[PDB]
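Below is one structure, written out as structure tokens, with a few remarks after it.
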Amino acid sequence: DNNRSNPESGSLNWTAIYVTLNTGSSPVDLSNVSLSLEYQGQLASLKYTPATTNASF
Amino acid sequence: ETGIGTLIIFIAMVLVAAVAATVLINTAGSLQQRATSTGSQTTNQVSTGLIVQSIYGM
Ligand SMILES: *[C@@H]1O[C@H](CO)[C@H](O)[C@H](O[C@@H]2O[C@H](CO)[C@@H](O[C@@H]3O[C@H](CS(=O)(=O)O)[C@H](O)[C@H](O[C@H]4O[C@H](CO[C@H]5O[C@H](CO)[C@@H](O)[C@H](O)[C@@H]5O)[C@@H](O)[C@H](O)[C@@H]4O)[C@H]3O[C@H]3O[C@H]([C@@H](O)CO)[C@H](O)[C@H](O)[C@H]3O)[C@H](O)[C@H]2O)[C@H]1O
Ligand SMILES: *[C@@H]1O[C@H](CO)[C@H](O)[C@H](O[C@@H]2O[C@H](CO)[C@@H](O[C@@H]3O[C@H](CS(=O)(=O)O)[C@H](O)[C@H](O[C@H]4O[C@H](CO)[C@@H](O)[C@H](O)[C@@H]4O)[C@H]3O[C@H]3O[C@H]([C@@H](O)CO)[C@H](O)[C@H](O)[C@H]3O)[C@H](O)[C@H]2O)[C@H]1O
Ligand SMILES: *[C@@H]1O[C@H](CO)[C@H](O)[C@H](O[C@@H]2O[C@H](CO)[C@@H](O[C@@H]3O[C@H](CS(=O)(=O)O)[C@H](O)[C@H](O[C@H]4O[C@H](CO)[C@@H](O)[C@H](O)[C@@H]4O)[C@H]3O[C@H]3O[C@H]([C@@H](O)CO)[C@H](O)[C@H](O)[C@H]3O)[C@H](O)[C@H]2O)[C@H]1O
């Protein structure tokens with residue numbers, strides 16, 4: 001929640017998702033992974049960009 | 001005569017049939033090890049677990 005003083009009138013600013021591989025699976029590169037989300041008539045498509053510096057890692 | 005030409009193609013026919021035989025054996029051997037390992041890993045996955053008994057504080 002984005003409000004600490006009163007969380008009742010707040011909204012979600014950050015979301016965390018825990019991800020693992022399935023049992024007996026081949027390795028997966030996360031750079032070729034696309035994430036889809038649907039909320040209130042908005043379809044998002046999120047993508048990770050690999051970099052040496054200034055990377056979200 | 002036709003006898004000479006028949007023998008030449010015969011050799012080629014035998015060699016081609018051996019190739020297709022090799023593919024089927026090699027593929028089945030590769031799929032054998034994957035299917036065996038998947039079954040054993042899943043059996044361990046379902047059965048295994050941890051349980052909490054009691055929690056104390058100071
Ligand atoms: C998280 O959730 C909470 C709760 O849901 C809030 O929504 C919060 O948002 C923040 O809200 C505060 C308060 O509304 C905002 O700060 C305010 O900024 C204003 C600038 S603006 O006019 O340009 O918009 C004003 O400067 C505000 O001051 C006002 O309030 C003063 C006190 O009014 C009270 O008076 C009497 C008691 O004496 C009482 O009967 C009333 O009911 C009322 O509570 C007043 O003197 C000023 O003339 C002016 O109207 C300002 O709010 C400031 O005071 C509050 C708190 O005391 C009020 O009860 C609080 O500490 C603030 O920190 C403080 O700045 C802010 O912009 C929002 O972010 C969410 O983040
Ligand atoms: C989503 O909503 C959130 C509402 O809950 C919040 O608004 C998020 O924004 C974030 O706001 C917090 C402050 O509340 C910021 O966190 C603070 O960032 C500084 C970075 S700095 O460059 O300004 O120095 C720092 O990392 C602070 O950590 C200090 O405190 C911890 C724990 O005590 C300790 O490891 C170190 O002493 C460190 O310096 C951090 O503030 C946190 O700590 C305070 C107090 O304990 C300080 O005495 C509060 O508990 C606070 O809640 C903690 O966050 C973020 O920068 C900002 O993203 C929004 O995204
Ligand atoms: C998604 O699936 C893919 C298969 O479909 C593949 O497996 C992807 O993995 C990627 O594989 C490629 C190899 O083709 C590799 O990318 C290359 O990385 C090196 C840099 S290194 O540090 O990793 O060693 C190489 O120099 C190339 O990087 C250049 O381009 C990028 C821009 O994207 C830039 O940031 C760099 O500075 C650098 O200039 C890159 O190879 C790509 O570029 C070449 C030529 O243009 C080079 O002149 C070809 O176009 C080639 O098709 C490109 O792949 C990585 O190892 C990996 O990401 C998987 O993500």
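For the structure tokens, the naming scheme is as follows: chains receive sequential letters (A, B, ...) according to their order of presentation, residues are indexed from 1 within each chain, and ligands are indexed from 1 in presentation order.
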
7 Å contacts from chain B to chain A using only C-alpha atoms, as a PyMOL selection string = chain B and resi 38+41-42

Using only C-alpha atoms and all ligand atoms, which protein or nucleic acid residues are at most 10 Å from ligand 2, as a ChimeraX atom specification?
-> /A:1-7,10-15

Save the residues we just selected, N, CA and C atoms, as a PDB file, in the first residue's frame?
```pdb
ATOM      1  N   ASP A   1       0.842  -1.188   0.000  1.00  0.00           N
ATOM      2  CA  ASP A   1       0.000   0.000   0.000  1.00  0.00           C
ATOM      3  C   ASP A   1       0.883   1.247   0.000  1.00  0.00           C
ATOM      4  N   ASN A   2       0.361   2.341  -0.573  1.00  0.00           N
ATOM      5  CA  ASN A   2       1.125   3.562  -0.787  1.00  0.00           C
ATOM      6  C   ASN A   2       0.969   4.529   0.390  1.00  0.00           C
ATOM      7  N   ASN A   3      -0.016   4.264   1.258  1.00  0.00           N
ATOM      8  CA  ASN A   3      -0.272   5.086   2.432  1.00  0.00           C
ATOM      9  C   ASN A   3       0.070   4.286   3.688  1.00  0.00           C
ATOM     10  N   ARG A   4       0.933   4.873   4.528  1.00  0.00           N
ATOM     11  CA  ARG A   4       1.417   4.246   5.749  1.00  0.00           C
ATOM     12  C   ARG A   4       0.586   4.718   6.943  1.00  0.00           C
ATOM     13  N   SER A   5       0.225   6.010   6.937  1.00  0.00           N
ATOM     14  CA  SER A   5      -0.504   6.651   8.024  1.00  0.00           C
ATOM     15  C   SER A   5      -1.922   6.094   8.130  1.00  0.00           C
ATOM     16  N   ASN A   6      -2.590   5.951   6.976  1.00  0.00           N
ATOM     17  CA  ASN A   6      -3.932   5.394   6.893  1.00  0.00           C
ATOM     18  C   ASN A   6      -4.031   4.517   5.644  1.00  0.00           C
ATOM     19  N   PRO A   7      -3.866   3.176   5.769  1.00  0.00           N
ATOM     20  CA  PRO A   7      -3.870   2.278   4.609  1.00  0.00           C
ATOM     21  C   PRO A   7      -5.247   2.029   3.992  1.00  0.00           C
ATOM     22  N   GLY A  10      -5.676   4.042   0.721  1.00  0.00           N
ATOM     23  CA  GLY A  10      -4.473   3.862  -0.077  1.00  0.00           C
ATOM     24  C   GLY A  10      -4.695   2.947  -1.279  1.00  0.00           C
ATOM     25  N   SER A  11      -3.654   2.844  -2.116  1.00  0.00           N
ATOM     26  CA  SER A  11      -3.632   1.988  -3.293  1.00  0.00           C
ATOM     27  C   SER A  11      -2.286   1.269  -3.383  1.00  0.00           C
ATOM     28  N   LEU A  12      -2.246   0.195  -4.185  1.00  0.00           N
ATOM     29  CA  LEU A  12      -1.053  -0.623  -4.347  1.00  0.00           C
ATOM     30  C   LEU A  12      -0.095   0.053  -5.326  1.00  0.00           C
ATOM     31  N   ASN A  13       1.148   0.272  -4.876  1.00  0.00           N
ATOM     32  CA  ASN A  13       2.161   0.950  -5.672  1.00  0.00           C
ATOM     33  C   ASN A  13       3.208  -0.038  -6.190  1.00  0.00           C
ATOM     34  N   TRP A  14       3.377  -1.165  -5.484  1.00  0.00           N
ATOM     35  CA  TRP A  14       4.327  -2.201  -5.864  1.00  0.00           C
ATOM     36  C   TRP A  14       3.714  -3.588  -5.676  1.00  0.00           C
ATOM     37  N   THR A  15       4.099  -4.517  -6.564  1.00  0.00           N
ATOM     38  CA  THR A  15       3.631  -5.897  -6.554  1.00  0.00           C
ATOM     39  C   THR A  15       4.820  -6.832  -6.774  1.00  0.00           C
TER      40      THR A  15
END
```

Compare A:27, A:9, A:35, A:18 by their minimum atom-to-atom distance to ligand 3, counting only C-alpha atoms and all ligand atoms, and give me the closest one.
->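 That would be A:27, the residue with the smallest distance to ligand 3.
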
Test item: residues no farther than 10 Å from ligand 3, counting only C-alpha atoms and all ligand atoms, as a ChimeraX atom specification | /A:28-33,49-52

Now that the selection is made, can you save its residues with C-alpha atoms as a JSON list (two decimals), in the first residue's frame?
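The file below, out_29.json, is the result:
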```
[["chain", "number", "residue", "atom", "x", "y", "z"],
["A", 28, "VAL", "CA", 14.52, -20.75, -19.09],
["A", 29, "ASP", "CA", 16.00, -17.39, -20.12],
["A", 30, "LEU", "CA", 14.01, -14.55, -18.54],
["A", 31, "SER", "CA", 15.06, -12.08, -21.27],
["A", 32, "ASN", "CA", 12.77, -13.88, -23.76],
["A", 33, "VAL", "CA", 9.91, -13.96, -21.22],
["A", 49, "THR", "CA", 15.93, -5.63, -21.07],
["A", 50, "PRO", "CA", 19.41, -7.12, -20.28],
["A", 51, "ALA", "CA", 22.30, -4.70, -19.65],
["A", 52, "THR", "CA", 25.72, -4.58, -17.96]]
```

How many Å separate CA of residue 4 (chain B) from CA of residue 18 (chain B)?
->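 Straight-line distance from CA of residue 4 (chain B) to CA of residue 18 (chain B) works out to 22.7 Å.
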
Give the strand (DSSP E) residues of chain A, as DSSP finds them on the backbone, and put them as number ranges by chain.
-> A: 34-38, 43-47

File dump, residues just selected, N, CA and C atoms, as a short mmCIF file (atom, residue, chain, number, x, y, z; two decimals), in the first residue's frame:
```cif
data_model
loop_
_atom_site.label_atom_id
_atom_site.label_comp_id
_atom_site.auth_asym_id
_atom_site.auth_seq_id
_atom_site.Cartn_x
_atom_site.Cartn_y
_atom_site.Cartn_z
N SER A 34 7.81 -12.81 -21.65
CA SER A 34 6.86 -11.72 -21.69
C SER A 34 5.77 -11.92 -20.63
N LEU A 35 5.42 -10.82 -19.95
CA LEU A 35 4.43 -10.82 -18.88
C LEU A 35 3.21 -10.01 -19.31
N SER A 36 2.03 -10.65 -19.24
CA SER A 36 0.76 -10.04 -19.58
C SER A 36 -0.06 -9.80 -18.31
N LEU A 37 -0.76 -8.66 -18.28
CA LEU A 37 -1.63 -8.28 -17.17
C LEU A 37 -2.86 -7.54 -17.71
N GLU A 38 -4.02 -7.83 -17.11
CA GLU A 38 -5.28 -7.21 -17.48
C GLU A 38 -5.93 -6.62 -16.23
N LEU A 43 -4.72 -3.81 -21.10
CA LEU A 43 -3.94 -5.02 -21.31
C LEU A 43 -2.47 -4.64 -21.50
N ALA A 44 -1.65 -4.98 -20.50
CA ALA A 44 -0.25 -4.62 -20.46
C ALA A 44 0.61 -5.78 -20.96
N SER A 45 1.77 -5.44 -21.54
CA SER A 45 2.78 -6.40 -21.95
C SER A 45 4.16 -5.89 -21.54
N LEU A 46 4.73 -6.53 -20.51
CA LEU A 46 5.96 -6.08 -19.88
C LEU A 46 7.12 -6.99 -20.29
N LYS A 47 8.32 -6.40 -20.39
CA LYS A 47 9.50 -7.05 -20.94
C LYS A 47 10.75 -6.56 -20.21
#
```

CA of residue 8 (chain A) and atom 9 (O, counted along the ligand's line) of ligand 1, how far apart in Å?
->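 That distance, rounded to one decimal, is 11.4 Å.
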
Alpha helix (DSSP H) positions in chain B, given as a ChimeraX atom specification = /B:2-47

Writer output for current selection, N, CA and C atoms, as a compact mmCIF listing (two decimals), in the first residue's frame:
```
# COMPACT_ATOMS: atom_id res chain seq x y z
N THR B 2 18.94 -56.82 -67.23
CA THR B 2 18.25 -56.21 -66.11
C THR B 2 18.83 -56.71 -64.78
N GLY B 3 19.50 -57.87 -64.83
CA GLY B 3 20.06 -58.53 -63.66
C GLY B 3 21.12 -57.70 -62.93
N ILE B 4 21.93 -56.96 -63.71
CA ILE B 4 23.03 -56.16 -63.20
C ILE B 4 22.47 -54.94 -62.46
N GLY B 5 21.50 -54.27 -63.08
CA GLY B 5 20.90 -53.05 -62.56
C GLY B 5 20.08 -53.27 -61.30
N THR B 6 19.50 -54.47 -61.18
CA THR B 6 18.65 -54.86 -60.06
C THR B 6 19.48 -54.97 -58.78
N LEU B 7 20.70 -55.52 -58.92
CA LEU B 7 21.59 -55.80 -57.80
C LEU B 7 22.15 -54.51 -57.20
N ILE B 8 22.40 -53.51 -58.06
CA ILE B 8 23.00 -52.24 -57.68
C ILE B 8 22.02 -51.45 -56.80
N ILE B 9 20.75 -51.42 -57.22
CA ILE B 9 19.69 -50.68 -56.54
C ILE B 9 19.33 -51.40 -55.24
N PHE B 10 19.47 -52.73 -55.23
CA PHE B 10 19.18 -53.58 -54.08
C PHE B 10 20.04 -53.19 -52.88
N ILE B 11 21.33 -52.93 -53.14
CA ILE B 11 22.31 -52.55 -52.12
C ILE B 11 21.89 -51.21 -51.50
N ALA B 12 21.44 -50.28 -52.36
CA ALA B 12 21.03 -48.94 -51.96
C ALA B 12 19.77 -48.97 -51.11
N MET B 13 18.86 -49.91 -51.42
CA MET B 13 17.58 -50.05 -50.74
C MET B 13 17.78 -50.52 -49.30
N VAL B 14 18.78 -51.39 -49.10
CA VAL B 14 19.10 -51.99 -47.81
C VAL B 14 19.70 -50.92 -46.89
N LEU B 15 20.55 -50.06 -47.46
CA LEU B 15 21.27 -49.03 -46.72
C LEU B 15 20.32 -47.93 -46.25
N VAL B 16 19.30 -47.63 -47.07
CA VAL B 16 18.32 -46.59 -46.79
C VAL B 16 17.41 -47.02 -45.64
N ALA B 17 17.04 -48.31 -45.63
CA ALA B 17 16.15 -48.89 -44.65
C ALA B 17 16.80 -48.95 -43.27
N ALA B 18 18.14 -49.03 -43.25
CA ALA B 18 18.94 -49.08 -42.03
C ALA B 18 18.95 -47.71 -41.35
N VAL B 19 18.90 -46.64 -42.15
CA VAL B 19 18.96 -45.26 -41.69
C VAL B 19 17.70 -44.93 -40.88
N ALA B 20 16.53 -45.29 -41.44
CA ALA B 20 15.24 -45.01 -40.84
C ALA B 20 15.04 -45.82 -39.56
N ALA B 21 15.68 -46.99 -39.50
CA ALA B 21 15.66 -47.88 -38.34
C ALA B 21 16.42 -47.25 -37.18
N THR B 22 17.54 -46.58 -37.50
CA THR B 22 18.45 -45.98 -36.54
C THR B 22 17.79 -44.79 -35.84
N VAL B 23 16.98 -44.03 -36.60
CA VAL B 23 16.30 -42.84 -36.12
C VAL B 23 15.31 -43.21 -35.01
N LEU B 24 14.55 -44.29 -35.24
CA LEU B 24 13.47 -44.71 -34.35
C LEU B 24 14.02 -45.24 -33.03
N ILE B 25 15.18 -45.91 -33.08
CA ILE B 25 15.82 -46.50 -31.91
C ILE B 25 16.43 -45.40 -31.05
N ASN B 26 17.10 -44.44 -31.70
CA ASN B 26 17.82 -43.36 -31.03
C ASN B 26 16.85 -42.41 -30.31
N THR B 27 15.68 -42.18 -30.93
CA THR B 27 14.67 -41.27 -30.41
C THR B 27 13.99 -41.89 -29.19
N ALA B 28 13.74 -43.20 -29.25
CA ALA B 28 13.08 -43.95 -28.19
C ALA B 28 13.97 -44.05 -26.96
N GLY B 29 15.29 -44.14 -27.19
CA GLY B 29 16.29 -44.21 -26.13
C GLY B 29 16.43 -42.88 -25.38
N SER B 30 16.25 -41.77 -26.12
CA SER B 30 16.35 -40.42 -25.58
C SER B 30 15.13 -40.09 -24.72
N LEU B 31 13.95 -40.56 -25.16
CA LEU B 31 12.68 -40.30 -24.50
C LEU B 31 12.51 -41.21 -23.28
N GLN B 32 13.27 -42.31 -23.25
CA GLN B 32 13.21 -43.31 -22.19
C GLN B 32 13.70 -42.72 -20.87
N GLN B 33 14.83 -42.00 -20.93
CA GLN B 33 15.52 -41.50 -19.75
C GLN B 33 14.78 -40.31 -19.15
N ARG B 34 14.13 -39.52 -20.01
CA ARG B 34 13.38 -38.34 -19.60
C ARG B 34 12.11 -38.75 -18.86
N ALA B 35 11.41 -39.77 -19.39
CA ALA B 35 10.14 -40.23 -18.85
C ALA B 35 10.33 -40.94 -17.52
N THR B 36 11.48 -41.62 -17.36
CA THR B 36 11.82 -42.36 -16.15
C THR B 36 12.15 -41.38 -15.02
N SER B 37 12.91 -40.33 -15.35
CA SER B 37 13.39 -39.35 -14.38
C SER B 37 12.25 -38.46 -13.88
N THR B 38 11.30 -38.16 -14.78
CA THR B 38 10.16 -37.29 -14.49
C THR B 38 9.24 -37.96 -13.47
N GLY B 39 9.04 -39.27 -13.62
CA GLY B 39 8.19 -40.07 -12.75
C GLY B 39 8.73 -40.15 -11.32
N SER B 40 10.05 -40.32 -11.20
CA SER B 40 10.73 -40.49 -9.92
C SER B 40 10.81 -39.17 -9.15
N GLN B 41 10.98 -38.07 -9.89
CA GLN B 41 11.12 -36.74 -9.32
C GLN B 41 9.79 -36.23 -8.77
N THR B 42 8.69 -36.60 -9.45
CA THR B 42 7.35 -36.18 -9.09
C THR B 42 6.88 -36.91 -7.84
N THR B 43 7.28 -38.19 -7.72
CA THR B 43 6.93 -39.04 -6.59
C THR B 43 7.55 -38.49 -5.31
N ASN B 44 8.79 -37.97 -5.42
CA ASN B 44 9.51 -37.36 -4.32
C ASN B 44 8.91 -35.99 -3.99
N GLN B 45 8.37 -35.31 -5.01
CA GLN B 45 7.87 -33.95 -4.90
C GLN B 45 6.59 -33.91 -4.06
N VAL B 46 5.72 -34.91 -4.27
CA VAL B 46 4.40 -34.96 -3.65
C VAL B 46 4.53 -35.40 -2.19
N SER B 47 5.37 -36.41 -1.94
CA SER B 47 5.47 -37.09 -0.66
C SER B 47 6.18 -36.23 0.39
```

One-decimal distance in Å that lies between CA of residue 21 (chain A) and CA of residue 53 (chain A) =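 Here the two named atoms are 26.9 Å from each other.
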